[PDB]
$ cat target.pdb   # PDB, C-alpha atoms (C1' of nucleotides) and all ligand atoms
ATOM      1  CA  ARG A  13       8.099  36.652   0.388
ATOM      2  CA  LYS A  14       5.484  35.581   2.929
ATOM      3  CA  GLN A  15       5.012  35.113   6.645
ATOM      4  CA  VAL A  16       3.178  31.863   7.339
ATOM      5  CA  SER A  17       1.840  30.426  10.573
ATOM      6  CA  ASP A  18       1.107  26.694  10.740
ATOM      7  CA  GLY A  19       3.268  25.742   7.786
ATOM      8  CA  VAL A  20       3.536  22.108   6.771
ATOM      9  CA  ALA A  21       6.620  19.915   7.049
ATOM     10  CA  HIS A  22       6.998  16.474   5.473
ATOM     11  CA  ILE A  23       9.569  13.903   6.569
ATOM     12  CA  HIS A  24      10.335  11.064   4.148
ATOM     13  CA  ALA A  25      12.466   8.574   6.091
ATOM     14  CA  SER A  26      13.735   5.846   3.794
ATOM     15  CA  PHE A  27      16.277   3.276   4.913
ATOM     16  CA  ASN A  28      18.962   4.799   2.680
ATOM     17  CA  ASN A  29      18.122   8.514   2.860
ATOM     18  CA  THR A  30      15.990  11.145   4.571
ATOM     19  CA  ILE A  31      14.176  14.061   2.927
ATOM     20  CA  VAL A  32      12.625  17.090   4.627
ATOM     21  CA  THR A  33      10.274  19.379   2.714
ATOM     22  CA  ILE A  34       8.573  22.532   4.002
ATOM     23  CA  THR A  35       5.493  23.551   2.024
ATOM     24  CA  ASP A  36       2.421  25.688   2.522
ATOM     25  CA  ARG A  37      -0.683  23.887   3.778
ATOM     26  CA  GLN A  38      -1.738  23.529   0.131
ATOM     27  CA  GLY A  39       1.421  21.650  -0.880
ATOM     28  CA  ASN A  40       3.426  24.278  -2.763
ATOM     29  CA  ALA A  41       7.040  23.713  -1.792
ATOM     30  CA  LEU A  42       8.870  26.454   0.086
ATOM     31  CA  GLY A  43      12.105  24.620   0.849
ATOM     32  CA  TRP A  44      13.690  21.206   1.085
ATOM     33  CA  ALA A  45      16.825  19.411   2.218
ATOM     34  CA  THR A  46      18.320  15.923   2.192
ATOM     35  CA  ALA A  47      20.941  14.019   4.128
ATOM     36  CA  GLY A  48      22.675  13.402   0.804
ATOM     37  CA  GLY A  49      23.038  17.121   0.170
ATOM     38  CA  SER A  50      24.359  17.641   3.706
ATOM     39  CA  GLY A  51      27.792  16.425   2.573
ATOM     40  CA  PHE A  52      27.325  12.812   3.614
ATOM     41  CA  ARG A  53      27.627  10.164   0.925
ATOM     42  CA  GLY A  54      26.886   6.458   0.979
ATOM     43  CA  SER A  55      26.246   4.532   4.176
ATOM     44  CA  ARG A  56      26.697   7.523   6.490
ATOM     45  CA  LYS A  57      23.727   9.095   4.703
ATOM     46  CA  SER A  58      21.495   6.816   6.795
ATOM     47  CA  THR A  59      22.653   7.933  10.250
ATOM     48  CA  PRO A  60      20.194   9.894  12.428
ATOM     49  CA  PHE A  61      22.871  12.562  12.827
ATOM     50  CA  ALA A  62      22.663  13.186   9.081
ATOM     51  CA  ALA A  63      18.893  13.490   9.447
ATOM     52  CA  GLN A  64      19.331  16.088  12.175
ATOM     53  CA  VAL A  65      21.818  18.143  10.154
ATOM     54  CA  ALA A  66      19.574  17.997   7.079
ATOM     55  CA  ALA A  67      16.686  19.218   9.233
ATOM     56  CA  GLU A  68      18.798  22.114  10.514
ATOM     57  CA  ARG A  69      19.820  22.988   6.951
ATOM     58  CA  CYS A  70      16.200  23.006   5.784
ATOM     59  CA  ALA A  71      15.211  25.176   8.745
ATOM     60  CA  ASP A  72      17.937  27.637   7.775
ATOM     61  CA  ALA A  73      16.876  27.604   4.118
ATOM     62  CA  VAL A  74      13.277  28.331   5.173
ATOM     63  CA  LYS A  75      13.897  30.814   8.016
ATOM     64  CA  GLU A  76      13.434  33.688   5.534
ATOM     65  CA  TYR A  77       9.737  32.881   5.340
ATOM     66  CA  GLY A  78       8.295  33.698   8.738
ATOM     67  CA  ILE A  79       7.172  30.132   9.402
ATOM     68  CA  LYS A  80       5.938  29.596  12.962
ATOM     69  CA  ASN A  81       3.627  27.234  14.848
ATOM     70  CA  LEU A  82       4.472  24.618  12.235
ATOM     71  CA  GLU A  83       2.599  21.364  11.646
ATOM     72  CA  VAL A  84       4.674  18.324  10.668
ATOM     73  CA  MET A  85       3.995  14.836   9.327
ATOM     74  CA  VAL A  86       6.294  11.828   9.085
ATOM     75  CA  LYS A  87       6.251   9.033   6.512
ATOM     76  CA  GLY A  88       8.501   6.033   6.047
ATOM     77  CA  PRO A  89      10.103   3.372   8.254
ATOM     78  CA  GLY A  90      13.660   4.728   8.218
ATOM     79  CA  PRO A  91      15.683   5.633  11.295
ATOM     80  CA  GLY A  92      16.046   9.072  12.790
ATOM     81  CA  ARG A  93      12.369   9.996  12.587
ATOM     82  CA  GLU A  94      12.535  11.644  16.013
ATOM     83  CA  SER A  95      15.916  13.252  15.337
ATOM     84  CA  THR A  96      14.412  15.383  12.568
ATOM     85  CA  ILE A  97      11.600  16.708  14.750
ATOM     86  CA  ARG A  98      14.096  17.252  17.576
ATOM     87  CA  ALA A  99      16.146  19.430  15.238
ATOM     88  CA  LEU A 100      13.020  21.272  14.101
ATOM     89  CA  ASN A 101      12.005  22.013  17.694
ATOM     90  CA  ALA A 102      15.525  23.139  18.604
ATOM     91  CA  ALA A 103      15.588  25.372  15.518
ATOM     92  CA  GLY A 104      12.928  27.489  17.230
ATOM     93  CA  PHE A 105       9.757  26.378  15.468
ATOM     94  CA  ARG A 106       6.694  26.061  17.652
ATOM     95  CA  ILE A 107       5.326  22.572  17.015
ATOM     96  CA  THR A 108       1.547  22.426  17.362
ATOM     97  CA  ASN A 109       0.535  19.031  15.981
ATOM     98  CA  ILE A 110       2.169  16.052  14.305
ATOM     99  CA  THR A 111       0.655  13.231  12.246
ATOM    100  CA  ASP A 112       1.938   9.856  11.055
ATOM    101  CA  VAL A 113       1.092   8.460   7.617
ATOM    102  CA  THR A 114       2.504   5.343   5.954
ATOM    103  CA  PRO A 115       0.865   3.650   2.952
ATOM    104  CA  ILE A 116      -0.752   0.273   3.570
ATOM    105  CA  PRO A 117      -1.699  -1.488   0.309
ATOM    106  CA  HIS A 118      -4.578  -3.681   1.572
ATOM    107  CA  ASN A 119      -3.099  -6.546  -0.501
ATOM    108  CA  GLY A 120      -2.561  -4.579  -3.676
ATOM    109  CA  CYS A 121       0.294  -6.047  -5.689
ATOM    110  CA  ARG A 122       3.171  -8.488  -5.508
ATOM    111  CA  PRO A 123       6.344  -7.273  -3.769
ATOM    112  CA  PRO A 124       9.815  -8.243  -5.022
ATOM    113  CA  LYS A 125      11.379 -11.541  -4.050
ATOM    114  CA  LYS A 126      13.091 -12.221  -0.732
ATOM    115  CA  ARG A 127      16.817 -11.478  -0.710
ATOM    116  CA  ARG A 128      19.163 -14.449  -0.261
ATOM    117  CA  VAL A 129      21.924 -13.116   1.979
TER     118      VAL A 129
ATOM    119  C1'   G B   1     -43.101 -62.171   6.372
ATOM    120  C1'   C B   2     -40.277 -58.266  10.035
ATOM    121  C1'   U B   3     -37.847 -53.429  11.338
ATOM    122  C1'   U B   4     -32.950 -52.781  14.175
ATOM    123  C1'   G B   5     -29.148 -51.768   8.327
ATOM    124  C1'   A B   6     -30.477 -48.632   4.042
ATOM    125  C1'   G B   7     -33.736 -44.813   1.926
ATOM    126  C1'   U B   8     -38.228 -40.878   1.379
ATOM    127  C1'   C B   9     -41.339 -36.646   3.624
ATOM    128  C1'   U B  10     -42.455 -32.324   7.173
ATOM    129  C1'   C B  11     -39.668 -28.068  10.487
ATOM    130  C1'   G B  12     -35.202 -25.637  11.380
ATOM    131  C1'   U B  13     -29.304 -24.374  11.700
ATOM    132  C1'   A B  14     -24.172 -23.056  10.288
ATOM    133  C1'   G B  15     -20.596 -22.594   6.437
ATOM    134  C1'   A B  16     -13.778 -18.715   2.313
ATOM    135  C1'   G B  17     -18.853 -25.390  -1.016
ATOM    136  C1'   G B  18     -19.547 -24.069  -6.877
ATOM    137  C1'   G B  19     -21.147 -21.136 -11.508
ATOM    138  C1'   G B  20     -22.804 -16.157 -13.595
ATOM    139  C1'   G B  21     -23.281 -10.732 -13.165
ATOM    140  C1'   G B  22     -22.460  -5.994 -10.761
ATOM    141  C1'   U B  23     -19.878  -2.723  -7.346
ATOM    142  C1'   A B  24     -16.255  -0.445  -3.454
ATOM    143  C1'   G B  25     -11.898   1.240  -0.891
ATOM    144  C1'   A B  26      -6.325   1.094  -0.095
ATOM    145  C1'   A B  27      -1.711   0.715  -2.709
ATOM    146  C1'   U B  28       2.038   0.405  -7.103
ATOM    147  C1'   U B  29       2.828   2.364 -12.185
ATOM    148  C1'   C B  30       1.834   5.918 -16.222
ATOM    149  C1'   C B  31      -0.156  10.739 -18.019
ATOM    150  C1'   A B  32      -1.476  16.247 -17.352
ATOM    151  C1'   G B  33      -1.085  20.454 -14.293
ATOM    152  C1'   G B  34       0.632  23.703  -9.707
ATOM    153  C1'   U B  35       4.953  24.773  -6.024
ATOM    154  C1'   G B  36      10.406  24.754  -6.299
ATOM    155  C1'   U B  37      15.668  22.782  -7.337
ATOM    156  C1'   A B  38      19.895  20.033  -7.541
ATOM    157  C1'   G B  39      20.200  15.616  -6.329
ATOM    158  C1'   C B  40      17.818  10.804  -6.434
ATOM    159  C1'   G B  41      18.452   5.394  -6.240
ATOM    160  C1'   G B  42      21.360   1.178  -4.663
ATOM    161  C1'   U B  43      25.161  -1.601  -1.340
ATOM    162  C1'   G B  44      29.326  -5.008   3.052
ATOM    163  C1'   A B  45      31.406  -1.031   0.140
ATOM    164  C1'   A B  46      30.423   0.698  -4.653
ATOM    165  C1'   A B  47      29.062   0.971  -9.774
ATOM    166  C1'   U B  48      25.752   0.482 -13.670
ATOM    167  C1'   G B  49      20.978   3.687 -13.797
ATOM    168  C1'   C B  50      17.576   8.320 -13.519
ATOM    169  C1'   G B  51      17.984  14.303 -13.125
ATOM    170  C1'   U B  52      18.187  21.309 -15.490
ATOM    171  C1'   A B  53      14.075  19.115 -21.304
ATOM    172  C1'   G B  54      12.956  20.577 -14.237
ATOM    173  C1'   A B  55      14.138  14.880 -11.539
ATOM    174  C1'   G B  56      13.397  13.043  -6.496
ATOM    175  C1'   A B  57       9.743  15.763  -2.732
ATOM    176  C1'   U B  58       4.736  17.828  -2.178
ATOM    177  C1'   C B  59      -0.679  18.971  -3.939
ATOM    178  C1'   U B  60      -4.833  18.273  -7.751
ATOM    179  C1'   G B  61      -7.125  15.460 -11.728
ATOM    180  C1'   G B  62      -7.229  11.375 -14.993
ATOM    181  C1'   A B  63      -5.846   6.023 -17.248
ATOM    182  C1'   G B  64      -5.175   0.994 -16.510
ATOM    183  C1'   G B  65      -4.217  -3.761 -14.367
ATOM    184  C1'   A B  66      -4.007  -7.007 -10.391
ATOM    185  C1'   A B  67      -5.184  -8.440  -5.603
ATOM    186  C1'   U B  68      -8.853  -8.081  -1.369
ATOM    187  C1'   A B  69      -4.923  -4.790   5.272
ATOM    188  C1'   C B  70      -7.986  -5.479  10.627
ATOM    189  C1'   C B  71     -11.589  -9.266  11.446
ATOM    190  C1'   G B  72      -8.461 -14.012  11.122
ATOM    191  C1'   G B  73      -8.826 -18.161  14.761
ATOM    192  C1'   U B  74      -5.674 -22.335  18.532
ATOM    193  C1'   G B  75     -11.759 -21.122  12.989
ATOM    194  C1'   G B  76     -14.968 -23.198   8.992
ATOM    195  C1'   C B  77     -16.569 -25.769   4.104
ATOM    196  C1'   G B  78     -15.250 -29.564   0.273
ATOM    197  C1'   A B  79     -14.238 -36.754  -2.357
ATOM    198  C1'   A B  80      -9.564 -34.906  -3.197
ATOM    199  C1'   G B  81      -6.975 -30.963  -5.705
TER     200        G B  81
HETATM  201  K     K C 201     -23.009 -24.818  -6.401
HETATM  202 MG    MG C 202     -22.875 -22.823   1.207
HETATM  203 MG    MG C 203     -20.160 -17.174  -4.831
HETATM  204 MG    MG C 204       4.354  17.494 -12.046
HETATM  205 MG    MG C 205     -14.299 -31.464   7.428
END

$ encode --input "target.pdb" --output "structure tokens"
Amino acid sequence: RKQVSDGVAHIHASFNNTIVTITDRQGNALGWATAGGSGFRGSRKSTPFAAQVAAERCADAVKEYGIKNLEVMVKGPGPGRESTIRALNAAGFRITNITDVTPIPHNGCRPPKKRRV
RNA sequence: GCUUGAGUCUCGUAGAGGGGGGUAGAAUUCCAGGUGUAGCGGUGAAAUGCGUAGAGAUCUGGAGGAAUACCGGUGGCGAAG
């Protein structure tokens, strides 16, 4: 058991799912939650409401650790990016700073072929 | 015979013009290790598929291949490609 100030939160917002992971600043996981685990299944997994409920669930699963004044980062283009941080703020965590990171390949490798629909 | 076409010499200017050799950063994949955990992925909707042997997530190190975000253009060079 530990009390931590300025813990780290990672949001992974895909188009088909959303993952929230709370780790120490050094990247050792303390807790995690998904919209898939929140009881949703299939298309509804992508709704921002599912992201918010997954965020609440992760906050509950991490409340034991005295996390406060948390620092969060968001990655991915999926919807509900702001819903997750809204849920985190409402959960009672003091939010100090937030950062955005998304990989940019600088013309690395060939992507898959366009989808004929 | 002549200098107006054509060509030679002196001084400068711009350019993804070509051939050879080095080197750098970002990203995907694989491998090893740390945290910890029951889902991940995909779709109109699903299923096939991957996960307790420890996945997906997150942090550290390594391997290898390919291509050069922004500048970037309404831009430039080449006989054309
Ligand atoms: K040349
Ligand atoms: Mg040149
Ligand atoms: Mg050259
Ligand atoms: Mg590992
Ligand atoms: Mg020309």

$ residues_near_ligand --input "target.pdb" --ligand "ligand MG 202 (chain C)" --cutoff "9 Å" --atoms "all atoms listed in the file" --output "list in words"
residues 15, 17, 18 and 77 of chain B

$ closest_residue --input "target.pdb" --among "A:15, A:40, A:29, A:111" --to "ligand MG 204 (chain C)" --atoms "only C-alpha atoms and all ligand atoms"
A:40

$ resolve_selection --input "target.pdb" --expression "the PyMOL selection byres (((not hetatm)) within 12 of (chain C and resi 204))" --output "VMD selection string"
(chain A and resid 40) or (chain B and resid 31 to 36 54 to 61)

$ atom_distance --input "target.pdb" --atom1 "atom CA of residue 82 of chain A" --atom2 "atom CA of residue 95 of chain A"
16.4 Å

$ resolve_selection --input "target.pdb" --expression "the PyMOL selection byres ((chain B) within 9 of (chain A))" --output "PyMOL selection string"
chain B and resi 26-28+34-39+41-43+45-46+57-59+66-69

$ resolve_selection --input "target.pdb" --expression "the PyMOL selection byres (((chain A and resi 86-91) around 8) and not hetatm)" --output "list in words"
residues 22, 23, 24, 25, 26, 27, 28, 29, 30, 58, 59, 60, 84, 85, 92, 93, 110, 111, 112, 113 and 114 of chain A

$ residues_around --input "target.pdb" --residues "residue 99 of chain A" --least-positions-apart "3" --cutoff "10 Å" --atoms "all atoms listed in the file" --output "list in words"
residues 61, 63, 64, 65, 66, 67, 68, 69, 71, 94, 95, 96, 102, 103, 104 and 105 of chain A

$ closest_residue --input "target.pdb" --among "B:16, B:70, B:11, B:63" --to "residue 30 of chain B" --atoms "only C-alpha atoms (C1' of nucleotides)"
B:63

$ atom_distance --input "target.pdb" --atom1 "atom CA of residue 73 of chain A" --atom2 "atom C1' of residue 50 of chain B"
26.1 Å

$ atom_distance --input "target.pdb" --atom1 "atom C1' of residue 20 of chain B" --atom2 "atom MG of ligand MG 203 (chain C)"
9.2 Å
